[PDB]
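Fold and contact review
Here's the letter readout for the chains.
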Amino acid sequence: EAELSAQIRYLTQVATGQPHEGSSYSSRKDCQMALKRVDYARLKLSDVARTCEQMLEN
Amino acid sequence: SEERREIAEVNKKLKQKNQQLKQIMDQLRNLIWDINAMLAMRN
């Protein structure tokens, strides 16, 4: 009973609402469109290599 | 005599190579115009 009373008294006077402030996921996703831009550059250079391919045979 | 045929045939081959690298460096120009706006509004 004393443990229960101490548990509720330690948690008594902090009763209010809590805002999850800030957008950490918005800043976290800010690497991902740069990464897909890097992937766009990757497919661009892959197409550069594929255009380099056919002049080798002929 | 026939070296002139070689000159005439390789002149347009090196010009075609210059154009083939020209499209590639134009694509790289598009890439660098993409990348200079990245740091422009990074903050």
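Method of determination, as annotated in the archive: cryo-EM, at 8.2 Å resolution.

1. Observations concerning the overall build of chain A
A count of helical and extended segments in chain A gives three helices and zero strands. Along the chain direction, N to C, the helices and strands of chain A fall in the order α-α-α. For chain A, the C-alpha radius of gyration of 29 Å lies well beyond 10 Å, the compact-globule estimate for 58 residues. Dimensions along the principal axes, computed over C-alpha positions, put chain A at roughly 90 × 25 × 10 Å. Counting all 58 residues of chain A, 7% fall into the buried class. For chain A, the accessible surface area stands at approximately 5,500 Å², while carbon and sulfur atoms represent 57% of it. Between the mean site of the 8 positive side-chain charges and the mean site of the 8 negative ones, chain A shows a separation of 7 Å.

2. A look at the packing of helix α3 (residues 32–57) of chain A against helix α1 (residues 3–40) of chain B
Between α3(A) and α1(B), the least distance of the axes is 11 Å, while the angle of their chain directions is 180°. With respect to α1(B), the axis of α3(A) lies roughly antiparallel. Contact with α3(A), carried on its side by A:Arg37, A:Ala41, A:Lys44, A:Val48 and A:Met55, involves B:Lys17, B:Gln20, B:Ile24, B:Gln27, B:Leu31 and B:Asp34 of α1(B) and no other residues of that element.

3. A few points about the environment of B:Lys12
Its location among the elements puts B:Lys12 in helix α1. As for B:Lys12 and B:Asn43, which are separated by 31 residues in sequence, their C-alpha atoms are 48 Å apart.

4. A short note on the interface of chain A and chain B
Counting from both sides, the interface comprises five residues of chain A and, opposite them, six residues of chain B. Summing both partners gives a buried area of about 530 Å² for chain A against chain B, and 73% of it is carried by carbon and sulfur. Area buried by chain A at its contact with chain B is led by A:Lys44, A:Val48 and A:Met55, which between them contribute 66% of it. Connecting chain A to chain B are one salt bridge. Put simply, B:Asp34 and A:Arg37 hold a salt bridge, and the shortest N to O gap is 3.2 Å. The interface formed by chain A and chain B holds one residue pair in polar contact in total.

What counts, and at which threshold
- Residues numbered from 1 in each chain as written, not as in the entry; some residues may be left out.
- Chains lettered and ligands numbered in written order.
- Part of a larger assembly, values for the part shown.
- Heavy atoms only, no water.
- Helix = DSSP H or I, 4+ residues; strand = E, 2+ residues; numbered from the N terminus.
- Rg over C-alpha atoms; globule rule 2.2 N^0.38 Å.
- Buried < 20%, exposed > 50% of the residue type's maximum accessible area, 1.4 Å probe, protein only.
- Areas by Shrake-Rupley, 256 points an atom, 1.4 Å probe, with all protein chains shown as cover.
- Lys, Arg positive; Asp, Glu negative; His and termini not counted.
- Charge placed at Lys NZ, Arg CZ, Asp CG, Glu CD.
- Axes fitted to C-alpha atoms, helices over the stretch in contact; angles between N-to-C directions.
- Parallel < 35°, antiparallel > 145°, perpendicular 65-115°, else oblique.
- Contact = heavy atoms within 4.5 Å.
- Buried area = accessible area lost by both parts, 1.4 Å probe.
- Salt bridge = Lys/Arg side-chain N within 4 Å of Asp/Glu carboxyl O.
- Polar contact = N/O pair within 3.5 Å; in protein donor to acceptor, adjacent residues only side chain to side chain.

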